[PDB]
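In the form solved without its partner chain, a lone chain appears below as structure tokens.
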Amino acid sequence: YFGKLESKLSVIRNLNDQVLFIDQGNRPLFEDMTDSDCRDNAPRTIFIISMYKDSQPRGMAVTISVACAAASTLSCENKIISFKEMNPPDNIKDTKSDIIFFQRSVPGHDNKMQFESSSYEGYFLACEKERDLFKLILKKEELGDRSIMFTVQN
């Protein structure tokens, strides 16, 4: 079971420094932005990372939600990334949840983080180019895959 402990405003970047944002259609995407542009787009770029205590410690347990949104919490249900219409809950009774990820520092890589699904072991949040877009996906982990590494500014 998980219990919510604390929350921090966060900006998330992939390894090419593209900023995670939520677009008009509620999709999580990455794009290039100058800090001035990131500030100007604060409502679409500011996330809340909420840390939870876990009765079965396996890594820093977090939800990721949109700050300037009524209720948009990141989910990997069915191995598909979406925002569900809910807030980070105070308690979660199960040992796995489609909205809980384990945030882990990457050994040997300065300040980088990975986010592993609590529901689907060995699956991580990743940035994947599709057509001309860079999208947030869930994918299975080759060692040192840079597409599953992020910087978190808080």
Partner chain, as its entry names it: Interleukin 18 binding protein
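Positions refer to the first chain, counted from 1.
Count the deposited residues lacking coordinates between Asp23 and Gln24 and you get none at all.
The mean C-alpha temperature factor is higher for 29-37 when 91-99 and 29-37 are set side by side. Two stretches are in play, 61-69 and 81-89, and the higher mean C-alpha B-factor belongs to 81-89.
When the CA B factors of the chain's modelled residues are split into thirds, the value for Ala42 lands in the highest one. In the PDB entry, a CA B factor belonging to the highest third of its chain's modelled residues is recorded for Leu15. In the PDB entry, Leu133 places in the highest third of its chain by CA B-factor. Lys112 sits in the middle third of its chain by CA B factor, as recorded in the PDB entry.
FYI, the form deposited with its partner chain bound isn't displayed, but the following is about it.
Its partner chain in the bound PDB entry comes within 4.5 Å of a heavy atom belonging to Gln103.
Its partner chain in the bound PDB entry comes within 4.5 Å of a heavy atom belonging to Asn111. Using a 4.5 Å cutoff between non-hydrogen atoms, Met51 counts as a contact of its partner chain in the bound PDB entry. The shortest heavy atom separation between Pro43 and its partner chain in the bound PDB entry exceeds 4.5 Å. Contacts of stretch 1-27 with its partner chain in the bound PDB entry, defined by any heavy atom lying within 4.5 Å, are made by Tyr1, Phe2, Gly3, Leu5, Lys8, listed in sequence order.
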